[PDB]
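Take a look at this one chain, the form deposited in one PDB entry, written out in structure tokens.
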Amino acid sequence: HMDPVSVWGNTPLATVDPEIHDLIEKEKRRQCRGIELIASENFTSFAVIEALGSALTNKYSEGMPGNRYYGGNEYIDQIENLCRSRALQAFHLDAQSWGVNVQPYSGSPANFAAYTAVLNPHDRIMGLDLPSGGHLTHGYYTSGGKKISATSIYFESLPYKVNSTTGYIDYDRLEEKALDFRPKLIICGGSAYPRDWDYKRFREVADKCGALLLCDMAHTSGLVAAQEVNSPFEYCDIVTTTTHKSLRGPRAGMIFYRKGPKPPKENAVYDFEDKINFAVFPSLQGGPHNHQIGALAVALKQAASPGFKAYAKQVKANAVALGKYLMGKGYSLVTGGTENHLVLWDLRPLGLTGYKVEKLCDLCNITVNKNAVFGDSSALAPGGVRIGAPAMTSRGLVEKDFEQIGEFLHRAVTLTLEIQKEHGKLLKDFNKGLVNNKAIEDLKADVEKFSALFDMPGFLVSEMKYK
């Protein structure tokens, strides 16, 4: 005897799977009882979550709108078409000059599909070096020649770096490398870079060497949509992105590509649209995840609202005011400030490693992450932490609140130094000072009470399980 549909199929999660339900409730509390400073994290809207968890997951729709393998896609077609047109509107793109594919499962699938579309296996790519703030999907191999990124397994990558004294991209050494190496593709955009990108100069380098130019704007796509940073669309052939992070949508990916006449120097047009779509499907993916596309469409309408432009503005102002607070304390930021959503904090002048500060923050439910500074590829443990504003800004925090966050980080570094001074620099010694540290418990209590003063998108704090 099969279970009645009502028993297995309509019964709520809280009854069907109390273990999983309970774990989700604990994670919901964790999300609103600490301070989330991971620069790639955000808290998305209830509207997005409702579309994400919907009957849209029940439909196979391999293909493209109006050209599907299977029938019964009349409404899936409308959702994806609306998602795609909203994607162009959100980034102020003319439909005759730009197209977009909204099926990539996530950011890294979007990049690998873009590469597959325009490159052959073993074609050359350059991207921002990982210890300079680049992303894995832009290429990564170890000093021993071990190929880590799929980008470096299936293509030939070479990284470019920041200037090791200023922290800004070294545009002169970028050009020299591109002229020696002759990449078929140059990637710009990154994960841990605190300044804007000079896309115009990347276009000059790509033109001089003969490269395609792609921007991976995952970290700053929300700022791009709000026209709060430079638009990569003015200069790049292809723009990839996640749809979470600062865009505040579901976890998905997008590939934008140029269409129509190629700009003056015969009468040729861009040729990306078909190759891009074909790389995504049939070459690489199966059925699109239509609940993600529906949820993404929701996020993209929200990203076009005046409220979202005000959010991106506030994200930028919060990161600035946090940085200025830290510098007012005598701390060092790479490049001495920020132009986007994050700061990169250089801890080496204090004699600390990023790990020690990350660990102690984590014990206080402040989530940051350790990060290399000035492109240092040394085996030396990374010398900094990366701190982002999107997540707390989404909970409604403004400058005064981010100045308080800086106070908590100040106290965190102070406690880290007191421990290092009492127990010693070596990691084994440092950990001894974390065992039953009262002062850590007071800061942890302090940040929880601060954390609980603010609202939460995505679920109602008032009907949580754990308060």
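Superpose the two forms; the largest set of C-alphas matching within 1.5 Å is the rigid core. In case it trips you up, residue 1 is the first one in the sequence shown, and so on.
Asks: Is the mean CA B factor in the deposited entry higher across 267 to 275 or across 221 to 229?
Replies: According to the PDB entry, the answer is 267 to 275.
Asks: Compare the mean C-alpha B-factor of 212 to 220 with that of 372 to 380 as given in the PDB entry, and name the stretch with the higher value.
Replies: Stretch with the greater average CA B-factor: 372 to 380.
Asks: For the listed residues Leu426, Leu56, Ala47, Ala39, which one has the largest C-alpha B-factor as given in the deposited model?
Replies: Top of the list by C-alpha B-factor: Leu426.
Asks: Determine, from the deposited record, the chain-internal third of the Cα B-factor for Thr393: lowest, middle or highest.
Replies: Middle third.
Asks: Looking at the C-alpha B-factor of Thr367, is it in the lowest, middle or highest third of its chain?
Replies: Middle third by C-alpha B-factor.
Asks: Which third, lowest, middle or highest, does the CA B-factor of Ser61 fall in along this chain?
Replies: Lowest third of the chain for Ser61's C-alpha B-factor.
Asks: Using the temperature factors of the C-alpha atoms in this entry, rank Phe202 within its chain: lowest, middle or highest third.
Replies: It belongs to the middle third of the chain when residues are ordered by C-alpha B-factor.
Asks: Taking only the Cα B-factors deposited for this chain, tell me whether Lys313 sits in the lowest, middle or highest third.
Replies: It falls in the middle third of the chain.
What comes next is about the form deposited in another entry, which is not displayed.
Asks: If you line up the core, which of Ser143, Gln96, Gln78, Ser283 has a CA that moves 2 Å or more between the shown form and the other one?
Replies: Among the listed residues, the outlier is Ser143.
Asks: Once everything's superposed on the core, is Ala55 shifted 2 Å or more at the Cα between the shown form and the other one?
Replies: Stays below the 2 Å threshold, so no.
Asks: How about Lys425 - superposed on the rigid core, does its CA move between the shown form and the other one by 2 Å or more?
Replies: Indeed, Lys425 is displaced by 2 Å or more.
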